[PDB]
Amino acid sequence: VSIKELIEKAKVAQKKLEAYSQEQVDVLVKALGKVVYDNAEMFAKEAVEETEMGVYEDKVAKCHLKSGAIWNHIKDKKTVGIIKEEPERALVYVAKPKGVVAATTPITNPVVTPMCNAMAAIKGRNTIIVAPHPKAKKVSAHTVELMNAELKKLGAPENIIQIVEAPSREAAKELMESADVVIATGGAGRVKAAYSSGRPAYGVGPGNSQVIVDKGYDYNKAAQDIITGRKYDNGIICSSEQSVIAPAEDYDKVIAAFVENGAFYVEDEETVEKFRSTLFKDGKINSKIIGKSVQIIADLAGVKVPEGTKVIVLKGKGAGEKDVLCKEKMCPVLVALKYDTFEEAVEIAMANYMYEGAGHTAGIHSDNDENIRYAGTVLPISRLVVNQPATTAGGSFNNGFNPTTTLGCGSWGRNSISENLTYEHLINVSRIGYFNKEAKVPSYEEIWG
């Protein structure tokens, strides 16, 4: 049960797996996703119970969506041997595994993340060792167990998926340093560790999705989408909506649309502070309300919130560090802010990203494509989600984001990529470079002219 034994088992498995063809890894990869789809109800109930956060019905939808969207995305992708011919540059591209993947998986998505990481790794003839969050180790282990059971029935090499029980940080550090490539999906601490391991690493960053509602947009649809995303899994998703940046001239109209769709809006300064003092203790999120219901938060705050309320919306004191409510809230609570111009809406969003979450996701609800493009152009984000719930940032059958459970945050979030992690990031792509003799020696004028 030592790390060095797990690494050694993984190398032996990887060599066996490296002999697989494209079609043969595709069989295993499809089965890994389908077992999470087929057992979504059992996994979802186990996750909610063990991690003490989230919503059963949303984790069922998450398992259904992630497994099917990832497989549908990667089923026709060429990741074995020669994958591309490019005669115009006299190049031939070859896909080769990176080897053994070390993957640290979060408490918020303890089922789909080992599944996603395993599917991406095995798709490129890599093997993987999962190290789960301690508060989710059982359901993560159970996911690995049922994945390994389907691999055995298909004749897969033993131990292409392993999992460590003890989250001993001496053993977790040793695992990242001993593996060929590291995936860290979790908090800022586990991400910095991956990028200090001396090995090529793919991490994530804390989210803090800012949302601009543009003037004249259908506020009813905007409110429905923002509420759908904020309340999903009790708000623990990294892409979840965190703020409502609304136009001053239509502010009451926007709030009314949220109220019409299940929000409880708090304007009174003293009543907001009752929530604020509950959600944050000494500037840090109160772990007791992470992924909890609206009513749990209301009772701890001592505020009566109507039955049926889907999200709480709190009027904020101001953008950025003017209000701790502008930090990431892993619960169904939004902070509302006003703007006079779209430029001010962007600056408010940017101030909150500088506070927390730079490089992740933003949402926008607008019929003004020039404003959308300006926001995409200037905001410190990897993903801008337009006119849909921001939780679709990780993939949906109605947008073009690459399906994943590991959302890169770029240099802002101190990650290596500013995009969703896929199979592509776990294979080396070699180049065979031929000689093009029918090419002349360009002169000084041709180069510098």
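Residue numbers here begin at 1 and follow the sequence given.
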Review point. In the PDB record, does 277-285 or 291-299 carry the higher mean Cα temperature factor?
Key: 277-285
Study note, to complete from the structure: Between 197-205 and 337-345, the record assigns the higher mean Cα B factor to 197-205
**Study point:** Residue selected from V27, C63, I381, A393 by maximal Cα B factor
**Key:** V27
Practice item. Compare the CA B factors listed in the entry for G359, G363, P87, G316 and report the winner. Key: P87
Study note, to complete from the structure: Temperature factor at the Cα of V211, chain-ranked in thirds, falls in the lowest
Exercise for review: Would you please rank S243 by its C-alpha temperature factor against the other modelled residues of its chain and give the third it falls in: lowest, middle or highest?
Suggested key: lowest
**Study point:** Third of the chain, ranked by Cα B-factor, where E150 sits
**Key:** highest
Revision key, fill the gap. Tertile call for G408 (CA temperature factor, within chain, third-based) is the highest
**Study point:** Chain-relative CA temperature factor third for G235
**Key:** lowest
